[PDB]
Amino acid sequence: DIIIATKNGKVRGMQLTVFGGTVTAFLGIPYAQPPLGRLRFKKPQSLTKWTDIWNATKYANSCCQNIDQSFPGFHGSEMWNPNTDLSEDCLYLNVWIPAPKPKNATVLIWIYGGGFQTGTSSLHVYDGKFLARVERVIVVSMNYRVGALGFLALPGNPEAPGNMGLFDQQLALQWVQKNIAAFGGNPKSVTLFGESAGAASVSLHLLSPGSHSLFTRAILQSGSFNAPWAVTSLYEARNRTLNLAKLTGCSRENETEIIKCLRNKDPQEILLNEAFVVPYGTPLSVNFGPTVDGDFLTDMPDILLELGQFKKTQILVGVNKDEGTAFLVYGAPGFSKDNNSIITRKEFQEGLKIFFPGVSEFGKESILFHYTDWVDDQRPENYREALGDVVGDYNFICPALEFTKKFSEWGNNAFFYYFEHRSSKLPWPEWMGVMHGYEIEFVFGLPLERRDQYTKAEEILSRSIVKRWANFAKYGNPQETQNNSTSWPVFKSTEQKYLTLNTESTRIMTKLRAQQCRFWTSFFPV
Amino acid sequence: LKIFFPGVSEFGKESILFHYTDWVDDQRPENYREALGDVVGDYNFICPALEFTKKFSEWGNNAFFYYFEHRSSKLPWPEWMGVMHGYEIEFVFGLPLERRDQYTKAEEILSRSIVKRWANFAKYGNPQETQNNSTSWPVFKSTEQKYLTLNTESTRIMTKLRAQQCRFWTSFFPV
Amino acid sequence: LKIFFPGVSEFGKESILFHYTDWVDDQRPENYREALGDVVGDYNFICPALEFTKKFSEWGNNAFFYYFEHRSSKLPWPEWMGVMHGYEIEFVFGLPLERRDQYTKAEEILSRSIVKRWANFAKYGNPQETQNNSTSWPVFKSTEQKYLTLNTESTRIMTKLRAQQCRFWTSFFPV
Ligand SMILES: *[C@@H]1O[C@H](CO[C@H]2O[C@@H](C)[C@@H](O)[C@@H](O)[C@@H]2O)[C@@H](O[C@@H]2O[C@H](CO)[C@@H](O)[C@H](O)[C@H]2NC(C)=O)[C@H](O)[C@H]1NC(C)=O
Ligand SMILES: *[C@@H]1O[C@H](CO[C@H]2O[C@@H](C)[C@@H](O)[C@@H](O)[C@@H]2O)[C@@H](O[C@@H]2O[C@H](CO)[C@@H](O)[C@H](O)[C@H]2NC(C)=O)[C@H](O)[C@H]1NC(C)=O
Ligand SMILES: *[C@@H]1O[C@H](CO[C@H]2O[C@@H](C)[C@@H](O)[C@@H](O)[C@@H]2O)[C@@H](O)[C@H](O)[C@H]1NC(C)=O
Ligand SMILES: *[C@@H]1O[C@H](CO)[C@@H](O)[C@H](O)[C@H]1NC(C)=O
Ligand SMILES: *[C@@H]1O[C@H](CO)[C@@H](O)[C@H](O)[C@H]1NC(C)=O
Ligand SMILES: *[C@@H]1O[C@H](CO)[C@@H](O)[C@H](O)[C@H]1NC(C)=O
Ligand SMILES: *[C@@H]1O[C@H](CO)[C@@H](O)[C@H](O)[C@H]1NC(C)=O
Ligand SMILES: *[C@@H]1O[C@H](CO)[C@@H](O)[C@H](O)[C@H]1NC(C)=O
Ligand SMILES: [Cl-]
Ligand SMILES: [Cl-]
Ligand SMILES: [Cl-]
Ligand SMILES: [Cl-]
Ligand SMILES: [Cl-]
Ligand SMILES: [Cl-]
Ligand SMILES: [Cl-]
Ligand SMILES: [Cl-]
Ligand code: NA
Ligand code: NA
């Protein structure tokens, strides 16, 4: 029986057998006051003693959020949907620790993605018992509020100041600072890791003065705050808060009255109107996201990055080979998970409209000009491939490269990976390739479990990735030093070296997407 | 190994086996078939070409190194034999430039590029294709050992071709 | 080799044999006796000490490396065993400084120097003997790998101790 005394009370955990060993999991520990009633849309408030043995033996509620009902019954999409009840009372975190209890273990804190509109820490692909077992690190993960409830912003107004879900993540990081030594953890060796919006969140904790001392290093998988979906302008946020108000009959003349009104709405009426706060959306819409609130984020983060105002530490950054494909089946014409999606030039052009709402005509021709000079015009999957690359390069890959470039110019070691392995079990079709989100199960070690029907080459790839992530967290260097592995070079402006992750053998290459990102990065920002 | 390494101590031949048969992993049935081909190619052609280029360039001359990785759409040999010895030649001589010939369009374009690069090398000592936003071909130096890959999709600059293999053939094997 | 390398594939053990028994030349009867001692010393002590020093120094700290080559005039072990493991110790602790003890004069002087060098290292981080026009002890760096020889005649600065041997133990052997 395992009871740990925390600053706020005792917690009981549960033992887990993993790979003939034991991990202790403390699932669903609370880290803030439930943000209900009068606390809705406010910054999370600190938690007071229970006393009391809190039983942390199951995952807690996930935060309220719309769910993906596009493919009912389909594992590829439904695997991302919440797997605990939804509730505004969702501010909990999970701790997994090796057994026997470590002495001063390095801590890995996971921040989930989901567009800032969705996600939960209890997903199966985020289960941190493999990492704790195999690498003897402690893994922590937290639920933070998403959608309007986590990011609604009425700028400067503490009733809805914005970034609440980023302040939830932050209060979780404090909880680790204050409490993790009790579980056997080293609060001085804490690495944040996150994917997509979770990565973008990691990148903003790098810029946030209040997070500076809550962690040591950072890992960004498929995301960074400079991605075009990751920060809402003050203009847009205002328009959106008011549009939500209007749609819920909460329009007022006094803004504090708007918020008061919205605090009376049911979680569901808020969720139902989120999608419409915007005249046209895309499959990549982030209606309620991070904003420059003067608190968490003191200035437009592009200025902070350019001028070197951020936590000085090592970063590990990466992307997958086919980032953009996943999104094309949520609204691009001619695209289906259920056929090979060979689309036409005219369809490609219609797709640009779906993904680039407006976007001058000249803007959209320019994408077309850049991506459709074939070599050569023979290949029927030409336009289908091009639309996926457009969406991935713009939304994920070039913004990750440009973040890494700018961060490293201030003197810190940065490591960049290009993940190019398609899981043998991917439920999505072949044409979608190495999709967004599908490195995650490799990082968390799921392929280490033989009972699971991954290939042997995949077990070995995962084992290597886990070692590299763990050495990065413990030592700031993502090497696998024992098995004559390719040495991972730092990424510098100038050479821009990166490491490819695949089952055959990993290469050092240079200047990923050079020609493409010159387009997105220099020209497109029409 | 006996066919290809006549004699060749037993220890000599075990050493090849040790170097080429640590699989990742022992699952794959084409493991040994692939390994024998690489043994024969690395020993006979690839490492001696790399070592020549390394030693020649150390005396101060520009050298350019390519790794040709396109399998001809018309190869009569079976698939497992891959991008065979002798089969870049028809690309260098331009045969795929002749449309009447049933090479693909991607192959015409690859050949056209290779012909330009060989011709610029001959005329100007520099195997660049300067007009079609092509990958620039870097000189090969001891130290970085940069090379250009030739294939129909897009050509890359890489480094240290067969590094681990050629350390074996080049330093140790000469048992 | 069987006594010292329990198991150790047969190939593992042939490889030691191949590396250590190419004589220059096969004439010398103490050939195999010398080779077994070097195998055991290089594997167990010398190459791992060199590789430690190499890796430690790469992170920016001064490291100093010595090669002790004096056989004590009083060693009770026979001559063929040479400058044995454990037998620098009495020099470091100063026993030869005691004349009543039947060490030679050259050994008193060697010990006095070693004691000074160890003491200056401890007090000041630098194992120099600054007063008697002594050879200056250079730091050991990856790249040059300079070391100081300790013997009664005169000490030298050399480079790359056991280079060929340790490439074997250090890169290849870890069969
Ligand atoms: C700020 O909002 C308006 C959209 O007004 C919205 O009303 C909301 C409650 C919501 O239902 C939403 O769907 C609706 O659009 C944006 O201007 C809109 O542009 C289109 C173009 O025809 C009009 O049809 C909309 O009605 C028009 N607004 C109106 C009704 O006046 C505006 O773009 C947006 N500003 C942004 C984009 O930041
Ligand atoms: C691949 O499928 C797409 C997706 O739309 C279809 O899904 C199919 C599996 C099928 O059940 C079909 O009934 C369903 O609508 C096809 O795109 C569609 O093309 C059809 C053919 O006329 C149009 O009627 C639809 O407007 C269009 N769907 C939309 C709204 O995007 C696509 O044609 C098909 N392409 C192939 C097989 O290459
Ligand atoms: C735990 O170690 C503390 C220092 O941690 C450093 O060492 C590594 C863990 C590294 O990743 C860095 O994060 C840190 O700088 C030390 O101060 C504590 O006293 C230790 N606590 C124990 C053992 O109880
Ligand atoms: C809490 O849960 C544990 C584990 O299932 C159980 O053994 C224990 O009795 C519980 N304590 C109470 C009564 O809350
Ligand atoms: C807006 O209304 C709120 C309701 O409490 C009030 O506190 C605030 O002072 C009002 N300000 C004005 C005059 O707009
Ligand atoms: C190293 O390879 C061995 C087998 O040779 C494998 O069992 C082990 O898991 C590997 N270690 C890492 C961290 O990759
Ligand atoms: C350059 O590309 C053009 C078409 O854009 C092609 O026709 C021509 O043959 C190419 N030139 C070379 C030398 O590759
Ligand atoms: C230096 O040499 C002198 C005699 O010239 C000797 O007596 C003395 O012990 C030496 N000092 C050291 C530290 O070697
Ligand atoms: Cl799964
Ligand atoms: Cl057109
Ligand atoms: Cl074509
Ligand atoms: Cl690329
Ligand atoms: Cl395998
Ligand atoms: Cl290679
Ligand atoms: Cl002789
Ligand atoms: Cl030597
Ligand atoms: Na342009
Ligand atoms: Na060997």
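In its metadata, the entry names X-ray crystallography as the structure determination method and reports 2.15 Å as the resolution.

**Things to note about the relation of the copies chain B and chain C**
By a simple turn and slide, chain B fits onto chain C: the slide is 0.0 Å along the axis, the RMSD is 0.0 Å, and the turn is 180 degrees. The transformation relating the two chain copies, once decomposed into turn and shift, fits a two-fold axis. Using C-alpha coordinates, one finds that chain B approaches the rotation axis most closely at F11 of chain B, a distance of 3.6 Å. In this assembly the copies share their binding face: 100% of the residues contributing to the interface of chain B also contribute to that of chain C.

**Examining empty space enclosed by the protein**
All names here are of chain A. What the largest cavity holds in volume is close to 50 Å³. Together, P35, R40, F41, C63, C64, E88, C90, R145, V146 and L149 line the largest cavity. Taken together, the residues of the lining of the largest cavity sort by class into seven nonpolar, no polar and three charged.

**What to know about the sheet that holds strand β1 (residues 66–68) of chain C**
Residue and element names in this part refer to chain C. Spatial strand order, β1-β2-β3: three strands in an open sheet with mixed pairing. If you trace the sheet from one side to the other, it starts and ends with β1 and β3 (157–159), each paired once. The average angle at which neighbouring strand axes cross in this sheet is 40 degrees, direction not considered. Sheet analysis places strand β2 (residues 146–150) next to β3, joined by three bridges and oriented antiparallel. In the sheet register, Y147 faces β3, and the bridge partner there is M158. Along the sheet, helix α4 (residues 105–124) makes contact with β1 and β2, crossing β2 at roughly 140 degrees.

**Observations concerning the interface of chain B and chain C**
Facing six residues of chain B, the contacting portion of chain C comprises six residues. Of all residues in chain B, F11, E14 and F18 of chain B bury the most surface against chain C, accounting for 80% of the area lost on that side. On the surface where chain B and chain C come into contact, there are zero salt bridges. In this assembly, chain B and chain C are joined by zero residue pairs in polar contact. Ranked by residue count, the leading element in the side of chain B that touches chain C is helix α1 (residues 10–20) of chain B, at four residues.

The rules behind each value
- Residues numbered from 1 in each chain as written, not as in the entry; some residues may be left out.
- Chains lettered and ligands numbered in written order.
- Part of a larger assembly, values for the part shown.
- Heavy atoms only, no water.
- Least-squares fit on C-alpha atoms.
- Contact = heavy atoms within 4.5 Å.
- 1 Å grid on protein atoms, 1.4 Å probe; cavity = no way out; pocket = protein on both sides within 12 Å on 5 of 7 lines; lining within 4 Å.
- Points joined across faces, edges and corners; volume = space filled by probe spheres on them.
- Nonpolar A, V, L, I, M, F, W, Y, C, P; charged D, E, K, R; others polar.
- Pairing = 2+ DSSP bridges.
- Helix = DSSP H or I, 4+ residues; strand = E, 2+ residues; numbered from the N terminus.
- Axes fitted to C-alpha atoms, helices over the stretch in contact; angles between N-to-C directions.
- Buried area = accessible area lost by both parts, 1.4 Å probe.
- Salt bridge = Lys/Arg side-chain N within 4 Å of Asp/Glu carboxyl O.
- Polar contact = N/O pair within 3.5 Å; in protein donor to acceptor, adjacent residues only side chain to side chain.

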